[PDB]
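Reviewing the structure listed below.
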There are 4 protein chains.
Amino acid sequence: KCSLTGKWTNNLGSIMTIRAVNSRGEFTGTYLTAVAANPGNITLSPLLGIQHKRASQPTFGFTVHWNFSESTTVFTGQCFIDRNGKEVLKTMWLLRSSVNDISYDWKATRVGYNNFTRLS
Amino acid sequence: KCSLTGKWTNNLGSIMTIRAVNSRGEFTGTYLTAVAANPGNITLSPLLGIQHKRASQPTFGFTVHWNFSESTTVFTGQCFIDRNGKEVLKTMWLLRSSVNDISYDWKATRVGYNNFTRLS
Amino acid sequence: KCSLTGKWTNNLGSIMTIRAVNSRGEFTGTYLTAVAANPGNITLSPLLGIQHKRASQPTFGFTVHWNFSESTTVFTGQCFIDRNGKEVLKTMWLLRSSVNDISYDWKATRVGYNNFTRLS
Amino acid sequence: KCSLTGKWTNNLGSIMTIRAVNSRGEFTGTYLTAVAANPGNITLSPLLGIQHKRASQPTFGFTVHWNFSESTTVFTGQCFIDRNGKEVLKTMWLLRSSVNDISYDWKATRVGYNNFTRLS
């Protein structure tokens, strides 16, 4: 089985720490991105999400409120376990930037992927 | 200022109800989707997310844990206020399906948009 | 049957003109975007794509090579015919920006939607 | 400099062959996917796209008309060269499925990534 609780890194070098997942699958944590619009100002940012509880390889989602910009990122994906018991989070994300008014909305959303593995 | 608290409907007919937004911008609520893979199964499902607090037109994200499938959806977007004071949520979403193993991961994520306005 | 040949406009005000669709479903045309990173620079830009041929409501894709930037956009979607014979193209797109090197790749892709209807 | 001409594989084991890129950056090719909705019926499928010509690390897009389903995929990305002269295509894609009518459009588009390297 695949809890999101613990410490993770991704293919870009970011790290995230997730606290205990509650009975509803809800979790909180802290995200340190290796990458931003401007790296010189990166600070720790809170995350909040929900995973499925019963599934051995659950799907999940979470939101990161960036504490150093007006942007928000959401991640969704699935936790997989291989034959050796090794976990990987396979995720896709959307990064929403703040734009001035609705006529700029079209350009406000970036998309990408991330693969996370457990630290230690 | 744009607070996500309240009831909203989107362009597909779905309805969501967001409760109080806390000091950190965290919020919970429920989501009744008009659409699903198997609509006969649809039930009210919980959401959890974070919005920015200081901005008049905040970005935000939330996760919906579907209570009737193994899937998860994340939404991110921005709340805009027009010159008449009307609020629109412009969002993009990712819908993560559960797949049996990692070899099927490539096909597990759908993408789309939704525009939300207030029920009343 | 839905042939992409003709002039179309989208929900952002952009206009495109598609030429004859060949036996394979290949088509070329031009795209005049209403929106860009630097709108002062916008010029008419070429597109090239393929639609399915046998289907009444074909899926399709096309690439727009922006003639005024280093970016590229791809659109994919489906042409629907409603009960009155009116055609709508429902599309999603990815806009790829040029970045200086691979360390910036993560932020180079935007996503969005567009709905197109015929000019006349 | 980064021509798309040649033979490529991606992280899912798919292979594609691209013919000579013309003076406008247009190219044709053939795509053999390792993965589909149903693999037992996979056949070679044509692709058609445009790359930028002047840039050393050009952006590009192309469309794959699947010859064994009603779907279409578009890819966009950038060709990067490292210090050793090794090329990688970093791409994102949208896979459009055919749905019966416009009320099902919401679920019709999958998103993902692929990294391609040159064969040989």
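Note on naming: letters A, B, ... go to the chains in the order of the sequence lines (proteins, then strands), and numbering restarts at 1 for each one. Excluded from the calculations below are hydrogen atoms, water molecules and symmetry mates; all remaining heavy atoms, backbone and side chain alike, are included.
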Distance (rounded to the nearest 0.5 Å) between [X] [atom1] and [Y] [atom2]:
X	Y	atom1	atom2	value
C/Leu4	C/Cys79	CG	SG	6.0 Å
A/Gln51	A/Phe62	CD	CZ	11.5 Å
C/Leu94	C/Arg110	CG	CZ	12.0 Å
A/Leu12	C/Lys107	CG	NZ	12.5 Å
C/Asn67	C/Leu44	CG	CG	7.5 Å
D/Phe60	D/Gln78	CZ	CD	8.5 Å

Main-chain N/O of [Y] paired to [X] side chain as donor or acceptor, under 3.5 Å:
X	Y	result
B/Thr72	B/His65	no
A/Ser97	A/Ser71	no
A/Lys53	A/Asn22	yes
C/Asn84	C/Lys86	no
B/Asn115	B/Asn11	no
B/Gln57	B/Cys2	no
B/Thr91	B/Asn114	yes
A/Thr63	A/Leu47	no
B/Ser45	B/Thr43	yes
C/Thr76	D/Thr73	no

Looking only at side-chain N and O atoms, does B/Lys7 offer a donor or acceptor that is under 3.5 Å from a partner on B/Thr17? yes

Could you walk me through whether C/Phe80 and D/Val99 pass the side chain to side chain contact (heavy atoms under 4.5 Å, CB included) check? CA-CA 9 Å; C/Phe80 293 104; D/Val99 298; 3.8 Å; yes

Assess the residue pair C/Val74 and C/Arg96 against the criterion (side chain to side chain contact (heavy atoms under 4.5 Å, CB included)); give the C-alpha distance rounded to whole Å, side-chain angles, the decisive distance to 0.1 Å, and a yes or no. CA-CA 8 Å; C/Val74 294; C/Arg96 174 72 196 208; over 6 Å; no

Locate the shortest heavy-atom distance separating [X] from [Y]; write the atom from each residue and the value.
X	Y	result
C/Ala34	C/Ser14	N-OG, 2.9 Å
A/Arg118	A/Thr5	NH1-O, 2.7 Å
C/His52	D/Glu70	CE1-O, 3.4 Å

Is there a side chain to side chain contact (heavy atoms under 4.5 Å, CB included) between B/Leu95 and D/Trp106 once you walk through the steps? CA-CA 10 Å; B/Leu95 163 59; D/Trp106 70 274; 3.8 Å; yes

Verdict with supporting geometry, B/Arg19 and B/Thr30, side chain to side chain contact (heavy atoms under 4.5 Å, CB included): CA-CA 9 Å; B/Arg19 295 180 197 128; B/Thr30 59; 3.7 Å; yes

More than 12 heavy atoms of other residues, nucleotides or ligands under 6.0 Å from CG of C/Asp82: yes or no?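 Correct, the count exceeds 12.
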
Around atom CG of A/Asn38, are there more than 12 heavy atoms from other residues, nucleotides or ligands closer than 6.0 Å?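 At most 12 heavy atoms, drawn from other residues, nucleotides or ligands, come within 6.0 Å of this atom.
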
Option from C/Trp8, C/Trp66, C/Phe68, C/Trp93 for which ring pair (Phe, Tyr, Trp, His ring centres under 6.0 Å) with C/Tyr31 holds: C/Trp66

Between C/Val111 and D/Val111, is any pair of side-chain heavy atoms under 4.5 Å apart?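 Of all side-chain heavy-atom pairs linking D/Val111 with C/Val111, none is under 4.5 Å.
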
